[PDB]
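PDB entry and its sequence, pasted below:
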Amino acid sequence: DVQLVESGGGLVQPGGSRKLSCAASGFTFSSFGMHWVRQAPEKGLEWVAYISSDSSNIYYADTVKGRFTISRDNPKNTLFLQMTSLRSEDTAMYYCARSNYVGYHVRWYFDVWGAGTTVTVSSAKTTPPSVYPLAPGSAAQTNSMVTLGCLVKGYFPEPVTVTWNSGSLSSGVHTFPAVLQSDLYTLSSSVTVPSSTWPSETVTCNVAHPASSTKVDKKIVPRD
Amino acid sequence: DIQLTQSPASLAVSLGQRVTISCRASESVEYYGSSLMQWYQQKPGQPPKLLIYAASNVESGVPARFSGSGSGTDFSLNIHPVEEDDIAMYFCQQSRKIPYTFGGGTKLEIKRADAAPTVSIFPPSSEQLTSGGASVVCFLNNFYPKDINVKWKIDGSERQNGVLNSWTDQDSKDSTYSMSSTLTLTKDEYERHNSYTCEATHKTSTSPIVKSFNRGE
């Protein structure tokens, strides 16, 4: 069970610093060179740096050259990435990856990847979301199916979970990925149910935002 | 640096069919008789997985339905009998020069029959209005293919600022896509107008689906 479990990710103010640790377990960690690779949300993969299995050579992507330092502790078998003068754009999921040789050294390739840890560079302060009920109008309803929803607005940091009636309604649900407007996150969720069911029975969206210890149950009531 | 261009950006397939996506390099990645190009697949919220290294070498553990070939600057991954587990993103990755770069990726999606969106519009809630803000939300649910456009009209003309959009991944149950469009205004600007229109243009119809609500109700 060869694996890598990086940890150390979290929130950082622009200009701040943070250390990332990668815990290996299942191979001569002292023989394999190591890499750090990041991926910004919705973005692609960007190689960050490489370190020899002998700390002999270390290469950095120009994008982090004079700010990030890579290091390896062969004994406790862990890889580290020291981040300083962090910027908004350094925001990404950081991956730990073992290099490997098929023919020999130069002919290398990323062999294994950890689950990664997130790193968000922001000046925003923890902020619970505002949950607004999304209800249609009396006559402006039509059809046998009715769609209702919730607008989860202006929160920080990610994530936020949403369920409808604590899960009783799983089918016909759509909760969209958050979008980062300004320095706050916003997301929405819709749920489609039969008309013979809503006004008459309750429909509630349950929103959870752990960073602020917030649990809101917003009942979708009709508009007068 | 060495640029890697993958194409198509996305491909719709039918399970059981053959699939072939390509990756081109702005420079050669060949080194003394060998190409230093790799293929990685990645599924939502999960780490990349190695499939092929050195252009044609199939990593141990990956099915035979997979195969890779090419050299110089052109490469390509082939999944003949494409199956359920293969629906994911595929990245191109070279190891020739530093910085080591990855292609923009190619997303394989399930081919499905066209579907027009189901559109619903919602006025700002009382709770939000009390805060001085006003968001009008519109959902365009279960449509196919993925490409769709949303236009916001206020009273009669379109608006383009304060409009934020979000799209879901393909639905594992029905293979459709959904989108959410939010138009945010200050409460005062919201109260100087009456008509709020959400218009969706999709491949299914040339005539935009139109959803709107008038204040005063």
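Sure, I can see it. Numbers count the residues shown, from 1 in each chain, chains lettered A, B, ... in the order given.

okay, CA-based contacts and neighbour counts for the rest of this
OK.

domains of chain A?
Annotated domains of chain A cover A:1-123, A:124-222 [curated CATH domains].

turn those domains into CSV, including mean neighbour count and distance to chain B.
What follows is those, written out as CSV (neighbours: other C-alpha atoms under 10 Å in any protein chain shown; distance: least, C-alpha to the nearest C-alpha, whole Å):
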stretch, mean neighbour count, distance to chain B
domain A:1-123, 18, 6
domain A:124-222, 18, 6
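
which residue ranges form the helices in chain A?
Assigned by DSSP state H, chain A shows no helices.

pull the residues that contact stretch A:144-161.
Stretch A:144-161 is contacted from outside by A:124-136, A:183-196, A:198, A:205-211, A:220, B:120, using C-alpha atoms under 8 Å, 6 or more residues apart in numbering or on different chains.

contacting residues for residue B:203?
Counted by C-alpha under 8 Å, 6+ apart, residue B:203 has contacts B:114, B:116, B:145, B:147-148.

hmm, 6 Å instead?
Residues near residue B:203 by C-alpha atoms under 6 Å, 6 or more residues apart in numbering or on different chains: none.

list the contacts for residue A:93?
A:38-39, A:117-118.

and the furthest pair within the residues you listed?
The most widely separated members of the contacts of residue A:93 are A:39 and A:117, with 10.6 Å between them, by C-alpha to C-alpha.

what pairs with the residue nearest the centre of chain A across the strands?
For chain A, the residue nearest the mean C-alpha position is residue A:118 (5.8 Å; C-alpha atoms, centre = their mean). With beta bridges defined as DSSP bridges, residue A:118 has these partners: residue A:93.

these two touch, right, it and residue A:9?
Yes: using C-alpha atoms under 6 Å, residue A:118 is in contact with residue A:9, at 5.0 Å.

where along chain B do the helices fall?
Secondary structure of chain B (DSSP H): helices located at B:126-129, B:187-190.

possible to save these as JSON lines with distance to residue B:217 and mean neighbour count?
Output for the helices of chain B, formatted as JSON lines (distance: least, C-alpha to C-alpha, whole Å; neighbours: other C-alpha atoms under 10 Å in any protein chain shown):
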{"stretch": "helix B:126-129", "distance to residue B:217": "13", "mean neighbour count": "15"}
{"stretch": "helix B:187-190", "distance to residue B:217": "14", "mean neighbour count": "15"}
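
could I get those helices in CSV, plus columns for distance to chain A?
Formatted as CSV, those follow (distance: least, C-alpha to the nearest C-alpha, whole Å):
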stretch, distance to chain A
helix B:126-129, 7
helix B:187-190, 15
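
touching, residue B:186 and residue B:131? I think so.
No: the pair residue B:186 / residue B:131 is not scored as a contact, 9.5 Å apart, by C-alpha under 6 Å.

okay, those two: which has more neighbours?
A direct count of neighbours by other C-alpha atoms under 10 Å in any protein chain shown for residue B:186 and residue B:131 places residue B:186 higher, at 14 against 10.

burial check on the nearest residue to that one once chain neighbours are set aside, number of neighbours?
Leaving aside its sequence neighbours, residue B:186 sits nearest to residue B:133 (C-alpha to C-alpha, 6 or more residues apart in numbering or on different chains; 4.7 Å). Residues lying near residue B:133 (other C-alpha under 10 Å) number 18.

with chain A as the reference, measure out to residue B:133.
11 Å (C-alpha to the nearest C-alpha, to the nearest Å).

and the gap between that residue and residue A:130?
Between residue B:133 and residue A:130 the computed distance is 11 Å (C-alpha to C-alpha, to the nearest Å).

what do you get for residue B:184?
Going from residue B:184 to residue A:130 by C-alpha to C-alpha gives 14 Å.

what does residue B:121 give?
With C-alpha to C-alpha as the criterion, residue B:121 and residue A:130 are 19 Å apart.

and for residue A:50?
In terms of C-alpha to C-alpha, residue A:50 sits 43 Å off from residue A:130.

got the residues of chain B near chain A?
Residues of chain B lying near chain A by C-alpha under 6 Å from any C-alpha of the partner chain: B:47, B:99, B:122, B:168.

make it 7 Å
B:36, B:46-48, B:50, B:53, B:95, B:99-102, B:104, B:120, B:122, B:125, B:127-128, B:166-168, B:180 (C-alpha under 7 Å from any C-alpha of the partner chain).

I figured residue B:24 hits residue B:71, correct?
No: contact criterion C-alpha atoms under 7 Å: residue B:24 and residue B:71 do not qualify, at 9.6 Å.
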